[PDB]
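**Student:** File run_34.cif below, mmCIF, N, CA and C atoms:
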data_model
#
loop_
_atom_site.label_atom_id
_atom_site.label_comp_id
_atom_site.auth_asym_id
_atom_site.auth_seq_id
_atom_site.Cartn_x
_atom_site.Cartn_y
_atom_site.Cartn_z
N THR A 17 26.58 70.50 174.27
CA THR A 17 26.26 69.07 174.20
C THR A 17 25.44 68.74 172.95
N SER A 18 25.78 67.62 172.30
CA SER A 18 25.05 67.18 171.09
C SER A 18 23.64 66.67 171.43
N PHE A 19 22.73 66.83 170.48
CA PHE A 19 21.41 66.22 170.62
C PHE A 19 21.57 64.70 170.88
N UNK A 20 22.61 64.02 170.08
CA UNK A 20 22.83 62.55 170.16
C UNK A 20 23.12 62.21 171.60
N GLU A 21 24.00 63.11 172.43
CA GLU A 21 24.33 62.80 173.82
C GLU A 21 23.13 63.01 174.74
N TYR A 22 22.33 64.06 174.49
CA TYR A 22 21.11 64.27 175.29
C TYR A 22 20.14 63.10 175.17
N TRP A 23 19.91 62.62 173.95
CA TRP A 23 18.89 61.59 173.72
C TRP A 23 19.36 60.25 174.27
N UNK A 24 20.82 59.95 174.10
CA UNK A 24 21.44 58.68 174.56
C UNK A 24 21.02 58.42 175.98
N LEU A 25 20.76 59.71 177.06
CA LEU A 25 20.33 59.58 178.48
C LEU A 25 18.91 59.03 178.67
N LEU A 26 18.10 59.01 177.61
CA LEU A 26 16.78 58.36 177.72
C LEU A 26 16.89 56.82 177.88
N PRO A 27 17.40 56.09 176.85
CA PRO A 27 17.76 54.70 177.15
C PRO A 27 19.21 54.61 177.61
N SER B 17 2.64 36.01 181.02
CA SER B 17 3.67 36.90 180.41
C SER B 17 4.85 37.09 181.37
N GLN B 18 6.07 36.87 180.89
CA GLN B 18 7.27 37.10 181.70
C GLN B 18 7.57 38.62 181.85
N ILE B 19 8.06 39.02 183.02
CA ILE B 19 8.44 40.43 183.28
C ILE B 19 9.73 40.71 182.50
N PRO B 20 9.79 41.85 181.78
CA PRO B 20 11.02 42.14 181.01
C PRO B 20 12.22 42.28 181.93
N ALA B 21 13.41 41.87 181.45
CA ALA B 21 14.63 41.93 182.27
C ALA B 21 14.99 43.37 182.69
N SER B 22 14.63 44.36 181.88
CA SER B 22 14.74 45.78 182.22
C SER B 22 13.63 46.54 181.49
N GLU B 23 13.38 47.80 181.87
CA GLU B 23 12.41 48.63 181.17
C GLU B 23 12.74 48.70 179.67
N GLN B 24 14.03 48.83 179.34
CA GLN B 24 14.47 48.92 177.94
C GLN B 24 14.10 47.69 177.12
N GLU B 25 13.95 46.54 177.79
CA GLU B 25 13.63 45.29 177.09
C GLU B 25 12.14 44.99 176.94
N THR B 26 11.28 45.90 177.40
CA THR B 26 9.83 45.72 177.23
C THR B 26 9.53 45.60 175.74
N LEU B 27 8.75 44.58 175.35
CA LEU B 27 8.39 44.35 173.94
C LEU B 27 7.10 45.09 173.66
N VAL B 28 7.08 45.82 172.54
CA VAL B 28 5.96 46.70 172.18
C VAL B 28 5.60 46.59 170.70
N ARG B 29 4.34 46.87 170.38
CA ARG B 29 3.85 46.98 169.00
C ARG B 29 3.42 48.43 168.79
N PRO B 30 4.19 49.20 168.00
CA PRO B 30 3.75 50.58 167.73
C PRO B 30 2.41 50.63 167.03
N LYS B 31 1.61 51.61 167.39
CA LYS B 31 0.34 51.87 166.71
C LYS B 31 0.66 52.45 165.31
N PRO B 32 -0.35 52.53 164.42
CA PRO B 32 -0.05 52.78 163.00
C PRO B 32 0.79 54.02 162.68
N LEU B 33 0.51 55.14 163.32
CA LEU B 33 1.29 56.36 163.05
C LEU B 33 2.74 56.30 163.56
N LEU B 34 2.94 55.79 164.76
CA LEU B 34 4.32 55.56 165.22
C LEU B 34 5.06 54.54 164.30
N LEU B 35 4.37 53.48 163.88
CA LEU B 35 4.98 52.49 162.99
C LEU B 35 5.43 53.14 161.68
N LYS B 36 4.58 54.03 161.15
CA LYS B 36 4.90 54.78 159.93
C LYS B 36 6.18 55.60 160.12
N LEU B 37 6.32 56.22 161.28
CA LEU B 37 7.52 57.03 161.58
C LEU B 37 8.74 56.13 161.61
N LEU B 38 8.64 55.02 162.32
CA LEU B 38 9.77 54.09 162.39
C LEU B 38 10.17 53.55 161.01
N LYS B 39 9.17 53.17 160.19
CA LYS B 39 9.48 52.64 158.86
C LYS B 39 10.11 53.68 157.95
N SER B 40 9.83 54.96 158.21
CA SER B 40 10.37 56.02 157.38
C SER B 40 11.88 56.17 157.56
N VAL B 41 12.41 55.67 158.68
CA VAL B 41 13.87 55.69 158.86
C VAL B 41 14.48 54.32 158.79
N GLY B 42 13.73 53.37 158.24
CA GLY B 42 14.30 52.07 157.89
C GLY B 42 13.85 50.87 158.67
N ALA B 43 12.96 51.04 159.66
CA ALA B 43 12.49 49.89 160.46
C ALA B 43 11.72 48.93 159.55
N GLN B 44 11.85 47.63 159.82
CA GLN B 44 11.38 46.58 158.90
C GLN B 44 10.30 45.68 159.51
N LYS B 45 10.24 45.64 160.85
CA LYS B 45 9.41 44.69 161.63
C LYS B 45 8.18 45.38 162.23
N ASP B 46 7.34 44.60 162.92
CA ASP B 46 6.14 45.13 163.58
C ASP B 46 6.27 45.20 165.12
N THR B 47 7.23 44.46 165.68
CA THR B 47 7.44 44.35 167.13
C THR B 47 8.86 44.76 167.50
N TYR B 48 8.99 45.56 168.56
CA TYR B 48 10.27 46.18 168.94
C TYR B 48 10.44 46.16 170.45
N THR B 49 11.68 46.26 170.91
CA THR B 49 11.88 46.63 172.31
C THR B 49 11.77 48.15 172.45
N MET B 50 11.46 48.60 173.67
CA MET B 50 11.46 50.04 173.99
C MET B 50 12.79 50.70 173.59
N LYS B 51 13.92 50.02 173.86
CA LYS B 51 15.24 50.57 173.49
C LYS B 51 15.31 50.83 171.97
N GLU B 52 14.83 49.87 171.17
CA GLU B 52 14.82 50.02 169.69
C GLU B 52 13.95 51.20 169.26
N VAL B 53 12.78 51.36 169.89
CA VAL B 53 11.90 52.49 169.56
C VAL B 53 12.63 53.82 169.83
N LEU B 54 13.24 53.94 171.01
CA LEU B 54 14.01 55.16 171.34
C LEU B 54 15.16 55.45 170.38
N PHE B 55 15.90 54.42 169.98
CA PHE B 55 16.99 54.62 168.98
C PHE B 55 16.43 55.11 167.64
N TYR B 56 15.35 54.48 167.17
CA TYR B 56 14.75 54.92 165.90
C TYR B 56 14.18 56.34 165.99
N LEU B 57 13.58 56.72 167.13
CA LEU B 57 13.10 58.11 167.32
C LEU B 57 14.24 59.09 167.27
N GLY B 58 15.35 58.75 167.94
CA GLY B 58 16.54 59.62 167.88
C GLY B 58 17.04 59.78 166.44
N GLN B 59 17.09 58.67 165.70
CA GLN B 59 17.53 58.68 164.29
C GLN B 59 16.59 59.53 163.43
N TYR B 60 15.29 59.43 163.68
CA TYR B 60 14.32 60.27 162.98
C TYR B 60 14.61 61.77 163.20
N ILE B 61 14.78 62.14 164.47
CA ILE B 61 15.05 63.56 164.79
C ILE B 61 16.35 64.05 164.13
N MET B 62 17.41 63.24 164.13
CA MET B 62 18.67 63.67 163.53
C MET B 62 18.58 63.76 161.99
N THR B 63 17.99 62.75 161.35
CA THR B 63 17.96 62.72 159.89
C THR B 63 17.07 63.84 159.35
N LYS B 64 15.99 64.17 160.08
CA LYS B 64 15.11 65.28 159.68
C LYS B 64 15.56 66.62 160.22
N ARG B 65 16.66 66.62 160.97
CA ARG B 65 17.25 67.87 161.49
C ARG B 65 16.24 68.69 162.31
N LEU B 66 15.53 68.03 163.22
CA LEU B 66 14.51 68.70 164.03
C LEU B 66 15.05 69.42 165.29
N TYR B 67 16.28 69.12 165.69
CA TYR B 67 16.82 69.69 166.92
C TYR B 67 17.32 71.12 166.65
N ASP B 68 17.21 71.99 167.67
CA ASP B 68 17.78 73.35 167.57
C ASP B 68 19.31 73.23 167.46
N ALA B 69 19.91 73.87 166.45
CA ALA B 69 21.34 73.69 166.16
C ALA B 69 22.23 74.24 167.29
N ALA B 70 21.76 75.27 167.98
CA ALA B 70 22.55 75.91 169.06
C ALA B 70 22.25 75.38 170.46
N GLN B 71 20.99 75.01 170.72
CA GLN B 71 20.55 74.46 172.01
C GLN B 71 19.95 73.09 171.71
N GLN B 72 20.84 72.09 171.63
CA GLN B 72 20.47 70.82 171.02
C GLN B 72 19.56 69.90 171.85
N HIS B 73 19.16 70.32 173.05
CA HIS B 73 18.15 69.58 173.81
C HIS B 73 16.72 69.98 173.44
N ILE B 74 16.57 70.97 172.56
CA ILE B 74 15.24 71.39 172.10
C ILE B 74 14.94 70.78 170.73
N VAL B 75 13.77 70.16 170.63
CA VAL B 75 13.32 69.54 169.37
C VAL B 75 12.08 70.32 168.87
N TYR B 76 12.09 70.69 167.60
CA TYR B 76 10.93 71.35 166.94
C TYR B 76 10.23 70.39 165.99
N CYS B 77 8.93 70.19 166.18
CA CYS B 77 8.23 69.15 165.44
C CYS B 77 6.82 69.53 165.01
N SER B 78 6.50 70.83 164.97
CA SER B 78 5.13 71.26 164.64
C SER B 78 4.62 70.64 163.33
N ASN B 79 3.51 69.89 163.45
CA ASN B 79 2.82 69.27 162.30
C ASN B 79 3.59 68.18 161.56
N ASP B 80 4.82 67.87 162.02
CA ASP B 80 5.54 66.68 161.57
C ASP B 80 4.79 65.47 162.08
N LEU B 81 5.00 64.30 161.47
CA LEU B 81 4.50 63.04 162.03
C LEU B 81 4.76 62.97 163.55
N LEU B 82 5.98 63.37 163.94
CA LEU B 82 6.37 63.34 165.36
C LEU B 82 5.54 64.29 166.23
N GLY B 83 5.34 65.52 165.78
CA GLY B 83 4.48 66.45 166.52
C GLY B 83 3.03 65.97 166.61
N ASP B 84 2.54 65.32 165.55
CA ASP B 84 1.17 64.75 165.56
C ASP B 84 1.05 63.62 166.59
N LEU B 85 2.07 62.77 166.70
CA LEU B 85 2.07 61.65 167.65
C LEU B 85 2.23 62.11 169.09
N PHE B 86 3.05 63.14 169.29
CA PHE B 86 3.30 63.66 170.64
C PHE B 86 2.27 64.71 171.06
N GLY B 87 1.64 65.38 170.10
CA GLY B 87 0.65 66.45 170.38
C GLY B 87 1.20 67.81 170.81
N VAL B 88 2.45 68.07 170.43
CA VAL B 88 3.19 69.29 170.79
C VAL B 88 3.97 69.86 169.58
N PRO B 89 4.20 71.19 169.54
CA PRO B 89 5.06 71.79 168.50
C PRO B 89 6.55 71.72 168.78
N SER B 90 6.91 71.51 170.05
CA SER B 90 8.31 71.42 170.49
C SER B 90 8.37 70.77 171.87
N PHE B 91 9.54 70.23 172.21
CA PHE B 91 9.76 69.71 173.56
C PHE B 91 11.25 69.69 173.87
N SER B 92 11.55 69.55 175.16
CA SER B 92 12.93 69.42 175.62
C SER B 92 13.27 67.96 175.92
N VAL B 93 14.42 67.54 175.43
CA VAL B 93 14.93 66.18 175.68
C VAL B 93 15.14 65.91 177.17
N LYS B 94 15.34 66.97 177.95
CA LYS B 94 15.53 66.85 179.40
C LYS B 94 14.27 66.39 180.15
N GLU B 95 13.11 66.49 179.50
CA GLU B 95 11.85 66.10 180.13
C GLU B 95 11.59 64.61 179.91
N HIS B 96 12.39 63.78 180.57
CA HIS B 96 12.38 62.34 180.32
C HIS B 96 11.01 61.71 180.50
N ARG B 97 10.34 62.04 181.60
CA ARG B 97 9.08 61.35 181.90
C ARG B 97 7.94 61.78 180.98
N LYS B 98 7.92 63.07 180.62
CA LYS B 98 6.98 63.57 179.63
C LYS B 98 7.18 62.84 178.28
N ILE B 99 8.43 62.65 177.86
CA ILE B 99 8.71 61.95 176.58
C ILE B 99 8.23 60.50 176.65
N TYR B 100 8.55 59.81 177.73
CA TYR B 100 8.05 58.44 177.88
C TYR B 100 6.53 58.32 177.81
N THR B 101 5.81 59.21 178.49
CA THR B 101 4.35 59.12 178.46
C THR B 101 3.80 59.41 177.07
N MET B 102 4.44 60.33 176.33
CA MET B 102 4.02 60.60 174.94
C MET B 102 4.23 59.39 174.03
N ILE B 103 5.36 58.71 174.20
CA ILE B 103 5.66 57.49 173.46
C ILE B 103 4.69 56.36 173.84
N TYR B 104 4.47 56.14 175.13
CA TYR B 104 3.59 55.07 175.61
C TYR B 104 2.18 55.12 175.00
N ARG B 105 1.61 56.33 174.85
CA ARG B 105 0.29 56.48 174.20
C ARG B 105 0.22 55.93 172.77
N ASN B 106 1.40 55.75 172.15
CA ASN B 106 1.51 55.36 170.75
C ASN B 106 1.93 53.92 170.51
N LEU B 107 1.78 53.08 171.53
CA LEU B 107 2.12 51.68 171.40
C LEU B 107 1.34 50.82 172.35
N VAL B 108 1.43 49.50 172.13
CA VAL B 108 0.76 48.50 172.95
C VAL B 108 1.87 47.57 173.46
N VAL B 109 1.82 47.16 174.73
CA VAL B 109 2.78 46.19 175.28
C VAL B 109 2.37 44.79 174.84
N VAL B 110 3.34 43.97 174.44
CA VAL B 110 3.07 42.59 174.04
C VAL B 110 3.89 41.60 174.86
N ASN B 111 3.50 40.33 174.76
CA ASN B 111 4.14 39.20 175.44
C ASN B 111 5.64 39.02 175.18
N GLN B 112 6.38 38.81 176.28
CA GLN B 112 7.77 38.28 176.35
C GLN B 112 8.75 39.28 176.94
#
Could the structure of this file be written out as structure tokens, please?
**Tutor:**
Amino acid sequence: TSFXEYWXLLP
Amino acid sequence: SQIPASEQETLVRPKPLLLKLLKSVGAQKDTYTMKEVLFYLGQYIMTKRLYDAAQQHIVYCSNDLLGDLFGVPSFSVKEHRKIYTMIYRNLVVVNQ
């Protein structure tokens, strides 16, 4: 999983 | 003060060091929604290549502006509530 997909779950 | 329509819509004024971080990746204003702050933080981490290339939920930030604001050398993106509390210490809630 990309960092971009992990962070997208915050907002 | 009106209650924000969602948590993401809470209006905030970053404190000076967080504001400096946001401006370093192109932010232009003094007041933001929580959603905007999170997008700019994500952009900061990607442009500075702070994430572990193989295990991309790990961020390394020792002595970076980001590590100074959060008070840690590294953290996991999976720790949602820890990340929110670190961010909250670095801003003030404002009207609307």
**Student:** Based on only C-alpha atoms, which of the residues in chain B come within 10 Å of chain A? I want them as a count of residues only.
**Tutor:** 31
**Student:** Using the chain letters and numbers from this document, which residues of chain B does DSSP assign to strand (DSSP E), as a JSON list (two decimals) with N, CA and C atoms, in the coordinates of the input?
**Tutor:**
[["chain", "number", "residue", "atom", "x", "y", "z"],
["B", 27, "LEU", "N", 8.75, 44.58, 175.35],
["B", 27, "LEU", "CA", 8.39, 44.35, 173.94],
["B", 27, "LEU", "C", 7.10, 45.09, 173.66],
["B", 28, "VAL", "N", 7.08, 45.82, 172.54],
["B", 28, "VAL", "CA", 5.96, 46.70, 172.18],
["B", 28, "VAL", "C", 5.60, 46.59, 170.70],
["B", 29, "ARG", "N", 4.34, 46.87, 170.38],
["B", 29, "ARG", "CA", 3.85, 46.98, 169.00],
["B", 29, "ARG", "C", 3.42, 48.43, 168.79],
["B", 30, "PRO", "N", 4.19, 49.20, 168.00],
["B", 30, "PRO", "CA", 3.75, 50.58, 167.73],
["B", 30, "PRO", "C", 2.41, 50.63, 167.03],
["B", 48, "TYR", "N", 8.99, 45.56, 168.56],
["B", 48, "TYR", "CA", 10.27, 46.18, 168.94],
["B", 48, "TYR", "C", 10.44, 46.16, 170.45],
["B", 49, "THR", "N", 11.68, 46.26, 170.91],
["B", 49, "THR", "CA", 11.88, 46.63, 172.31],
["B", 49, "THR", "C", 11.77, 48.15, 172.45],
["B", 74, "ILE", "N", 16.57, 70.97, 172.56],
["B", 74, "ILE", "CA", 15.24, 71.39, 172.10],
["B", 74, "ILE", "C", 14.94, 70.78, 170.73],
["B", 75, "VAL", "N", 13.77, 70.16, 170.63],
["B", 75, "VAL", "CA", 13.32, 69.54, 169.37],
["B", 75, "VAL", "C", 12.08, 70.32, 168.87],
["B", 76, "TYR", "N", 12.09, 70.69, 167.60],
["B", 76, "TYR", "CA", 10.93, 71.35, 166.94],
["B", 76, "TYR", "C", 10.23, 70.39, 165.99],
["B", 90, "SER", "N", 6.91, 71.51, 170.05],
["B", 90, "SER", "CA", 8.31, 71.42, 170.49],
["B", 90, "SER", "C", 8.37, 70.77, 171.87],
["B", 91, "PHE", "N", 9.54, 70.23, 172.21],
["B", 91, "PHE", "CA", 9.76, 69.71, 173.56],
["B", 91, "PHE", "C", 11.25, 69.69, 173.87],
["B", 92, "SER", "N", 11.55, 69.55, 175.16],
["B", 92, "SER", "CA", 12.93, 69.42, 175.62],
["B", 92, "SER", "C", 13.27, 67.96, 175.92],
["B", 107, "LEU", "N", 1.78, 53.08, 171.53],
["B", 107, "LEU", "CA", 2.12, 51.68, 171.40],
["B", 107, "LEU", "C", 1.34, 50.82, 172.35],
["B", 108, "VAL", "N", 1.43, 49.50, 172.13],
["B", 108, "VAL", "CA", 0.76, 48.50, 172.95],
["B", 108, "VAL", "C", 1.87, 47.57, 173.46],
["B", 109, "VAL", "N", 1.82, 47.16, 174.73],
["B", 109, "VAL", "CA", 2.78, 46.19, 175.28],
["B", 109, "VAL", "C", 2.37, 44.79, 174.84]]
**Student:** Could you tell me how far CA of residue 43 in chain B lies from CA of residue 86 in chain B, in Å and to one decimal?
**Tutor:**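 Between these atoms lies a distance of 19.4 Å.
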**Student:** Enumerate, as a PyMOL selection string, the complete set of residues in range 23-110 of chain B that a backbone-based DSSP assignment places in alpha helix (DSSP H).
**Tutor:** chain B and resi 32-40+50-63+81-86+96-104
**Student:** Generate a file of the selected residues that holds N, CA and C atoms, formatted as a compact mmCIF listing (two decimals), keeping the file's coordinate frame.
**Tutor:**
# COMPACT_ATOMS: atom_id res chain seq x y z
N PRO B 32 -0.35 52.53 164.42
CA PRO B 32 -0.05 52.78 163.00
C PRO B 32 0.79 54.02 162.68
N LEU B 33 0.51 55.14 163.32
CA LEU B 33 1.29 56.36 163.05
C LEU B 33 2.74 56.30 163.56
N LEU B 34 2.94 55.79 164.76
CA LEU B 34 4.32 55.56 165.22
C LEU B 34 5.06 54.54 164.30
N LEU B 35 4.37 53.48 163.88
CA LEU B 35 4.98 52.49 162.99
C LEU B 35 5.43 53.14 161.68
N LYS B 36 4.58 54.03 161.15
CA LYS B 36 4.90 54.78 159.93
C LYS B 36 6.18 55.60 160.12
N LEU B 37 6.32 56.22 161.28
CA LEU B 37 7.52 57.03 161.58
C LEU B 37 8.74 56.13 161.61
N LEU B 38 8.64 55.02 162.32
CA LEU B 38 9.77 54.09 162.39
C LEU B 38 10.17 53.55 161.01
N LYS B 39 9.17 53.17 160.19
CA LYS B 39 9.48 52.64 158.86
C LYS B 39 10.11 53.68 157.95
N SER B 40 9.83 54.96 158.21
CA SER B 40 10.37 56.02 157.38
C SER B 40 11.88 56.17 157.56
N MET B 50 11.46 48.60 173.67
CA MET B 50 11.46 50.04 173.99
C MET B 50 12.79 50.70 173.59
N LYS B 51 13.92 50.02 173.86
CA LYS B 51 15.24 50.57 173.49
C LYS B 51 15.31 50.83 171.97
N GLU B 52 14.83 49.87 171.17
CA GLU B 52 14.82 50.02 169.69
C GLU B 52 13.95 51.20 169.26
N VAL B 53 12.78 51.36 169.89
CA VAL B 53 11.90 52.49 169.56
C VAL B 53 12.63 53.82 169.83
N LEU B 54 13.24 53.94 171.01
CA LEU B 54 14.01 55.16 171.34
C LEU B 54 15.16 55.45 170.38
N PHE B 55 15.90 54.42 169.98
CA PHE B 55 16.99 54.62 168.98
C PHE B 55 16.43 55.11 167.64
N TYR B 56 15.35 54.48 167.17
CA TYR B 56 14.75 54.92 165.90
C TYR B 56 14.18 56.34 165.99
N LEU B 57 13.58 56.72 167.13
CA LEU B 57 13.10 58.11 167.32
C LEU B 57 14.24 59.09 167.27
N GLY B 58 15.35 58.75 167.94
CA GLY B 58 16.54 59.62 167.88
C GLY B 58 17.04 59.78 166.44
N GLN B 59 17.09 58.67 165.70
CA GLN B 59 17.53 58.68 164.29
C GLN B 59 16.59 59.53 163.43
N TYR B 60 15.29 59.43 163.68
CA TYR B 60 14.32 60.27 162.98
C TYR B 60 14.61 61.77 163.20
N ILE B 61 14.78 62.14 164.47
CA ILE B 61 15.05 63.56 164.79
C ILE B 61 16.35 64.05 164.13
N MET B 62 17.41 63.24 164.13
CA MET B 62 18.67 63.67 163.53
C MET B 62 18.58 63.76 161.99
N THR B 63 17.99 62.75 161.35
CA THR B 63 17.96 62.72 159.89
C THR B 63 17.07 63.84 159.35
N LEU B 81 5.00 64.30 161.47
CA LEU B 81 4.50 63.04 162.03
C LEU B 81 4.76 62.97 163.55
N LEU B 82 5.98 63.37 163.94
CA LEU B 82 6.37 63.34 165.36
C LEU B 82 5.54 64.29 166.23
N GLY B 83 5.34 65.52 165.78
CA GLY B 83 4.48 66.45 166.52
C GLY B 83 3.03 65.97 166.61
N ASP B 84 2.54 65.32 165.55
CA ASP B 84 1.17 64.75 165.56
C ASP B 84 1.05 63.62 166.59
N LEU B 85 2.07 62.77 166.70
CA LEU B 85 2.07 61.65 167.65
C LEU B 85 2.23 62.11 169.09
N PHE B 86 3.05 63.14 169.29
CA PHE B 86 3.30 63.66 170.64
C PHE B 86 2.27 64.71 171.06
N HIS B 96 12.39 63.78 180.57
CA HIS B 96 12.38 62.34 180.32
C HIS B 96 11.01 61.71 180.50
N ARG B 97 10.34 62.04 181.60
CA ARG B 97 9.08 61.35 181.90
C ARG B 97 7.94 61.78 180.98
N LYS B 98 7.92 63.07 180.62
CA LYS B 98 6.98 63.57 179.63
C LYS B 98 7.18 62.84 178.28
N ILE B 99 8.43 62.65 177.86
CA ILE B 99 8.71 61.95 176.58
C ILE B 99 8.23 60.50 176.65
N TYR B 100 8.55 59.81 177.73
CA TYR B 100 8.05 58.44 177.88
C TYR B 100 6.53 58.32 177.81
N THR B 101 5.81 59.21 178.49
CA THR B 101 4.35 59.12 178.46
C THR B 101 3.80 59.41 177.07
N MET B 102 4.44 60.33 176.33
CA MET B 102 4.02 60.60 174.94
C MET B 102 4.23 59.39 174.03
N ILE B 103 5.36 58.71 174.20
CA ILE B 103 5.66 57.49 173.46
C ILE B 103 4.69 56.36 173.84
N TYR B 104 4.47 56.14 175.13
CA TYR B 104 3.59 55.07 175.61
C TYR B 104 2.18 55.12 175.00
**Student:** Could you jot down the atom C of residue 29 in chain B to CA of residue 42 in chain B separation for me, Å, one decimal place?
**Tutor:**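 These two atoms are separated by 15.8 Å.
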**Student:** Please indicate the distance in Å from atom C of residue 112 in chain B to atom C of residue 85 in chain B, rounded to one decimal place.
**Tutor:**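 These two atoms are separated by 25.0 Å.
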**Student:** Applied to this file, what does the PyMOL selection byres (((chain B and resi 33 and name CA) around 12) and name CA) return in terms of residues, put as a PyMOL selection string?
**Tutor:** chain B and resi 29-32+34-40+80-86+103+105-107
**Student:** Expand the PyMOL selection byres ((chain B and resi 110) around 5) into the explicit residue set it covers here, and present it as a ChimeraX atom specification.
**Tutor:** /B:27-28,108-109,111-112
**Student:** Kindly export the residues of the current selection with N, CA and C atoms, as a compact mmCIF listing (two decimals), keeping the file's coordinate frame.
**Tutor:**
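In the end it all went to result_3.txt:
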# COMPACT_ATOMS: atom_id res chain seq x y z
N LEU B 27 8.75 44.58 175.35
CA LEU B 27 8.39 44.35 173.94
C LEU B 27 7.10 45.09 173.66
N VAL B 28 7.08 45.82 172.54
CA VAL B 28 5.96 46.70 172.18
C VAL B 28 5.60 46.59 170.70
N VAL B 108 1.43 49.50 172.13
CA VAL B 108 0.76 48.50 172.95
C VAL B 108 1.87 47.57 173.46
N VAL B 109 1.82 47.16 174.73
CA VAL B 109 2.78 46.19 175.28
C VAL B 109 2.37 44.79 174.84
N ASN B 111 3.50 40.33 174.76
CA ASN B 111 4.14 39.20 175.44
C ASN B 111 5.64 39.02 175.18
N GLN B 112 6.38 38.81 176.28
CA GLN B 112 7.77 38.28 176.35
C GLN B 112 8.75 39.28 176.94
**Student:** Quick one: what's the axis-aligned box for chain A, all listed atoms, 5 Å on every side, centre and edges in Å to one decimal, as lines of an AutoDock Vina configuration file?
**Tutor:**
center_x = 21.7
center_y = 62.6
center_z = 174.4
size_x = 19.8
size_y = 25.9
size_z = 18.6
